[PDB]
RNA sequence: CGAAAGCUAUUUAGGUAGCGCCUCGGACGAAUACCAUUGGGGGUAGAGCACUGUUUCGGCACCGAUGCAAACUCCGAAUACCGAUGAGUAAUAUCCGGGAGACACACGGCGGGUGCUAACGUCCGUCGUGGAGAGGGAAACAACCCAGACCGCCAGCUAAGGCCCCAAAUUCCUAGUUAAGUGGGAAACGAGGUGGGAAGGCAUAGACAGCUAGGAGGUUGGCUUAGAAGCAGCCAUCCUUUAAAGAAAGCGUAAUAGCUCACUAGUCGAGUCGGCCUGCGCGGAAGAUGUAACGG
RNA sequence: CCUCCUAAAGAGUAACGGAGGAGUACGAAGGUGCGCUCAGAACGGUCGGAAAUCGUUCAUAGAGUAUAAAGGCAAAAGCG
RNA sequence: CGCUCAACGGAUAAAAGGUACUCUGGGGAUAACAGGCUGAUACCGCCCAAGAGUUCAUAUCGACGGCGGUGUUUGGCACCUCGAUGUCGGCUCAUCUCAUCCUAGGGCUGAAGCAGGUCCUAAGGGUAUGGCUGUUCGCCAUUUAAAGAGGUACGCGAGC
RNA sequence: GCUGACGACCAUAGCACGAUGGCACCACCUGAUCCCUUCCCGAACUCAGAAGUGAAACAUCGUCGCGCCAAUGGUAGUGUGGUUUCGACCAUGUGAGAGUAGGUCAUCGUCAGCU
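Chains as they are written, first to last, in the entry's author numbering: chain YW, 2 to 57; chain B, 124 to 246; chain Lg, 1 to 137; chain VH, 2 to 85; chain UC, 5 to 101.
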């Protein structure tokens, strides 16, 4: 199964590992929405940056 | 009390009539909890040694000496706040007057003697 | 003027005062306590003034406990000395007070003349305080 | 300089770092000769597969995986190399 | 005087954040343990608990907790207060056999 | 494409050099990063007195209560760091070589030393921004907040921040608080501001206040003191007639005297009294060219 | 140059920050084999005591470790 | 094997000072003035009330302690200025603050009156001349209703 | 069923108190010729032995007096994001130490011997 993740806030001034969680999710800019498999490993990346992304 | 002032130092002598009770040295053991400078207070100000600011051209000698006598008065008042009794100010006329316009309780002063000799080394 | 008789070391790092008094927040020996609601440093001079003003008001018919002991040396730099060139000398001693700590306990006296002495002491202290009873839990 | 309290208590010396500590942790592959712990005294003791230097350095005597344990009646910390 | 009313404290009301929320709703967390059975998490209204703590035999007598249903005969074992404010923060009751 | 103001050394300290960081070329190809699960060691935050010290009280150095510590630890996280396994995402990591620049950094956070838990202070660690970064907000304002400018558009949605007028957008809706222009500087402390909360005391056997009458005898309690009479201070605080009245809560006297109060009865008729907790207010609150401490 | 702390539980990490050491010693104080266990406290005992040596009973180290501190040390690394 | 080459990555085998007679290249990377930040200290105010005051804490004063305000002393920092921001004092000419020296209105008083003391309101005007010393100040003489405390680059040298 | 040896483990295994054990085993025990011991000493070590005793020790069993172990709940701290009056607070994840209830007089393995 997959899920939709959208970037809502800038990733530009965040921690290095938070920028890397955005990169590992595949999110590149504000309002960008990607489809990614809904696994615990991708859910952990969403949880690392959950303040700046939202899951539809 | 007898507060002795010079431009380089202050002494404090406790007295009863003709005799000196104590002279307030480091061995007095009433200066132990002093927060101000204890007696004898040497004037080790910045202008007396040379580090400072505002070298001689500023003509701040009077202001520096006024503040030194203000700190001397602080020490005298600290020692008086436990054993209140009047003070006699001894020293040059200029020093006595600089002290007078700086003293915290100027109405406690009973006398000012300006013709006492050998104020630094004297008995 | 309380002070440790002798210390392991002369000088101390500033440290931080954080957190509540989970220890020493109970009236342990007396029947009536004055406890601090704020934090800060309690100078040995403040402790001595407060003890004097409680002792005078209770007049040798009651017992006092001082729960604070000043064991932290505080260094000071004299006037007209630049920054650096070594840590200043110790000038006075404080106790670290957290919100909640009992400072004074009284026992063996009426509630009214204990509250008066405790209010008198609070007036000399750098803390917001409250008067507390001894409960059992 | 009033109160003259500028008292010189001169102590500004310190030694160079020694870089002690655990070099290889538990479950890591290790080859013989690899230093595991640098230490003063036996904060860790040498169990099977690890040797002890004149400096109390612990090193792998043979290949395998590093294992940490608390063993013995002194409840000592032990480092072993398991053949795995 | 020796009777108090409680409400079951669920597993979603447990922990630091949920405890702070529970005290913001004017409830005191408490635990009943001992006796024979497993510990039970309960909540007591703070005003009721303060009034009960006012009485001095409360700390030495057999108390009865009624958790909206089941009954528990207990003894107050521990009481956690705020270090500065002084109000009760937690209560520990032990079942009597 | 894109730094650095670091480490090490230096007759070095504003110079230089190796390393770190930038660029270009080649080699290599996931060896890299993020996350999930998982294997480790630790002595920090917290905590605590088991050691080293330090602290208080009681009993009799030891016992029992009770505190504290960078150079104390019977304990002890979160993180971080070192490994493993596994997905997906990704302009990865590493090595060899050509060319550098840089080795004055600054602020805002966080953890500290120093200082005064002073400094737009200083010294480290660690993050972000500036440096080398425009745009929007914070009146104005490198370093704060939001956000990273390839160029053009008289299109749309939003962020921080905003929506009465300057000035784009609510004189929007609901429930309440404030009366201080508080909002739109400032503490201990003071006060009968006002709103809310959890409880109490008293009351038609008449509460609270007011008003009328009493408020007494032993007795000037004893001691002290020059005095010492309810009322300087110290030790008691007892009895009697009672409806009630203190060996007195104030004023007053040199001490007395005197005037009150507590308290009781009468009058009056319905609620009232005092503490605690929370919200928002008040006083405390004085400076120099001009209001001048909401930008107006 | 060494030890502790600052140093933020891996390493490292500055200050004219807080405290202390070194510029040696040893042919045994090195190697090995074998053997041993300390400080204290109390009781008894000639001179002899607070404390000498002797005996007993407790004693995981409250000792020692050439030397500062830290870490360690019973298989003692301590003592023959 | 020979270095306290100890300034310990060790410049030479071999080495001190003066300069107000000075000079060059630079720095506001770094001091002295003045500004700025801070406010320990200082000054001013407030809180408590042991006490002093014949009695009597609070007329007046306020021990031990606590809390602010100012920028105002002595300092701390090194942000501005070193391709130059002239120091102290006087003279001249000022301008503002109020923490008020006089004059004005008040409360309290240990206010009989006269004089005061303390505090509140109040900044409209006013607020000396000499001796000494470069002084600012200070002492002193003689006055005055009074002879204020301060800020203004410790106001003012392209005005002296 | 018990004893001994060697281990695992290293207090829930320890300490203390009491009880049981001598046919095997173990320990004391006897003697010091011999081997070997003592800076003196057959104490320890060593040898040669069984007249005696389970006294000591040791082993086993019992108990909660100490020790040790130890929840649940709460509190403290804390990573990330936000806010702040700088104390803290909120969202989320994590989560002690102390203390309390409670638990504990261990649990196993190889080999030999007597029954």
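Even for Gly, the Cβ is constructed at its ideal location relative to N, Cα and C.
(request) Please find out if some non-hydrogen atom of the ligand NAD comes closer than 7 Å to the beta-carbon of residue 195 (chain B). (result) By its list of ligands, the structure shown contains no ligand whatsoever, and the ligand NAD lies outside what it can speak to.
(message) Just verifying my parser: in three-state terms, what is the DSSP assignment at residue 9 (chain Lg)?
(response) Counting from 1 along the third chain, the entry for residue 9 (chain Lg) is found at position 9. If DSSP states are grouped into helix, strand and coil, residue 9 (chain Lg) belongs with coil.
(request) Check the Cβ-Cβ distances between residue 22 (chain Lg) and every residue of chain UC, and say whether any is below 8 Å. (result) Numbered from 1 along the third chain, position 22 holds the residue referred to as residue 22 (chain Lg). Interface residue, yes.
(request) Work out the CA separation of residue 3 (chain Lg) and residue 127 (chain Lg) for me, nearest whole Å. (result) One-based indexing of the third chain puts residue 127 (chain Lg) at position 127. One-based indexing of the third chain puts residue 3 (chain Lg) at position 3. Cα to Cα, the separation comes out at about 21 Å.
(request) Check the Cβ-Cβ distances between residue 2 (chain VH) and every residue of chain B, and say whether any is below 8 Å. (result) For the purposes of this step, residue 2 (chain VH) is taken as the residue at position 1 of the fourth chain. Chain B contact via Cβ: present.
(message) Give me the chain VH residues within the contact set of residue 160 (chain B), using Cβ-Cβ distance strictly less than 9 Å, ordered along the chain.
(response) As a position in the second chain, residue 160 (chain B) is number 37, starting the count at 1. Simply 3, 4, 5.
(message) I want to know whether the region 5 to 14 of chain UC touches the region 64 to 77 of chain UC - three or more CB-CB distances under 8 Å.
(response) yes
(message) What does the alpha-carbon distance come out to for the pair residue 38 (chain VH) and residue 14 (chain VH)?
(response) Taking the fourth chain and counting its residues from 1, one reaches residue 38 (chain VH) at position 37. Taking the fourth chain and counting its residues from 1, one reaches residue 14 (chain VH) at position 13. Answer to the nearest angstrom: the Cα atoms are 27 Å apart.
(request) Measure the CB-CB distance between residue 214 (chain B) and residue 144 (chain B) and report whether it falls below 8 Å. (result) What you label residue 214 (chain B) is simply residue 91 of the second chain in a count that begins at 1. What you label residue 144 (chain B) is simply residue 21 of the second chain in a count that begins at 1. In this structure, residue 144 (chain B) does not lie closer than 8 Å to residue 214 (chain B) by Cβ.
(message) Taking 8 Å as the threshold (C-beta atoms), are residue 76 (chain Lg) and residue 88 (chain Lg) in contact?
(response) One-based indexing of the third chain puts residue 88 (chain Lg) at position 88. One-based indexing of the third chain puts residue 76 (chain Lg) at position 76. Taking 8 Å as the Cβ cut-off, residue 88 (chain Lg) and residue 76 (chain Lg) qualify as a contacting pair.
(message) Using only the alpha-carbon positions, how far apart do residue 41 (chain YW) and residue 69 (chain Lg) sit?
(response) Working through the first chain from its first residue, we reach residue 41 (chain YW) at position 40. Working through the third chain from its first residue, we reach residue 69 (chain Lg) at position 69. Answer to the nearest angstrom: the Cα atoms are 55 Å apart.
(request) Classify residue 146 (chain B) as helix, strand or coil using the three-state DSSP reduction. (result) For the purposes of this step, residue 146 (chain B) is taken as residue 23 along the second chain, with counting starting at 1. Coil at residue 146 (chain B), not helix or strand.
(request) Name, going along the chain, the residues of the region 96 to 108 of chain Lg whose beta-carbon falls closer than 7 Å to a beta-carbon of chain VH. (result) Within the region 96 to 108 of chain Lg, no residue qualifies.
(request) Have a look at residue 41 (chain VH) and residue 9 (chain Lg) and give me their C-alpha separation to the nearest angstrom. (result) Position 40 of the fourth chain holds residue 41 (chain VH). Position 9 of the third chain holds residue 9 (chain Lg). Answer to the nearest angstrom: the Cα atoms are 26 Å apart.
(request) Compare the Cα-Cα distances from residue 152 (chain B) to each of B:231, B:202, B:186, B:238 and report the closest residue. (result) Looking up residue 152 (chain B) in the second chain gives position 29. Considering only alpha carbons, the answer is B:202.
(request) Could you work out which residues of chain UC lie near residue 2 (chain Lg), taking near to mean beta carbons separated by less than 7 Å? (result) Counting from one through the third chain, the residue named residue 2 (chain Lg) turns up at place 2. Residues of chain UC passing the Cβ test: none, with the nearest at roughly 24 Å.
(message) Counting only beta-carbon separations shorter than 8 Å, does residue 80 (chain Lg) have a partner in chain B?
(response) As a first step, residue 80 (chain Lg) must be located in the third chain, where it is residue number 80. Yes, residue 80 (chain Lg) lies at the interface with chain B (some Cβ there is under 8 Å from its Cβ).
(request) Determine whether the Cβ of residue 176 (chain B) lies closer than 8 Å to any Cβ atom of chain VH. (result) As a first step, residue 176 (chain B) is located in the second chain; it is residue number 53 there, counting from the start. With 8 Å as the cut-off, residue 176 (chain B) does not count as an interface residue toward chain VH.
(message) Taking the alpha-carbon of residue 83 (chain UC) as reference, which of UC:22, UC:20, UC:45, UC:35 has the nearest alpha-carbon?
(response) The count along the fifth chain starts at 1 and reaches residue 83 (chain UC) at position 79. Measuring from the Cα of residue 83 (chain UC), the nearest candidate turns out to be UC:35.
(request) Leaving aside the five residues before and after residue 107 (chain Lg) along the sequence, list all residues of the same chain whose C-beta is less than 6 Å from its C-beta, in chain order. (result) To locate residue 107 (chain Lg), count along the third chain from 1; it is residue 107. Excluding residues within five positions, the ones whose Cβ falls inside 6 Å are 30, 31, 63.
(request) Compare the C-alpha of residue 168 (chain B) against each of B:150, B:180, B:191, B:162 and name the closest. (result) As a first step, residue 168 (chain B) must be located in the second chain, where it is residue number 45. The shortest Cα separation from residue 168 (chain B) among B:150, B:180, B:191, B:162 belongs to B:191.
(request) Check the Cβ-Cβ distances between residue 249 (chain B) and every residue of chain VH, and say whether any is below 8 Å. (result) For residue 249 (chain B) there is no data in the structure shown, the boundaries of chain B being 124 and 246.
(request) From the DSSP output, in three-state form, read off residue 53 (chain UC) for me. (result) Here residue 53 (chain UC) refers to the residue found at position 49 when the fifth chain is read from its first residue. In the three-state reduction of the DSSP assignment, residue 53 (chain UC) falls in the helix class.
(request) For chain VH, find out if any of its Cβ atoms is closer than 8 Å to the Cβ of residue 85 (chain Lg); answer yes or no. (result) Sequence index remark: in the third chain, residue 85 (chain Lg) carries index 85 (1-based). Closer than 8 Å to some Cβ of chain VH, the Cβ of residue 85 (chain Lg) qualifies, so yes.
(message) Taking 7 Å as the limit between beta carbons, can you name the residues of its chain near residue 3 (chain YW), skipping five residues before and five after?
(response) Here residue 3 (chain YW) corresponds to residue number 2 of the first chain, with the count starting at 1. Excluding positions up to five away in sequence, the list reads 36, 37, 38, 39.
(request) Please go through the same chain and pick out, in chain order, the residues whose beta-carbon is closer than 7 Å to the beta-carbon of residue 23 (chain UC), but skip the five residues on each side of it. (result) As a working note, residue 23 (chain UC) is residue 19 in the fifth chain. So the list reads 33, once near-sequence residues are dropped.
(request) Measure the Cβ-Cβ separation of residue 69 (chain UC) and residue 8 (chain UC) and say whether it is below 8 Å. (result) Within the fifth chain, residue 69 (chain UC) is the residue found at index 65, counting from 1. Within the fifth chain, residue 8 (chain UC) is the residue found at index 4, counting from 1. The Cβ atoms of residue 69 (chain UC) and residue 8 (chain UC) lie closer than 8 Å to each other.
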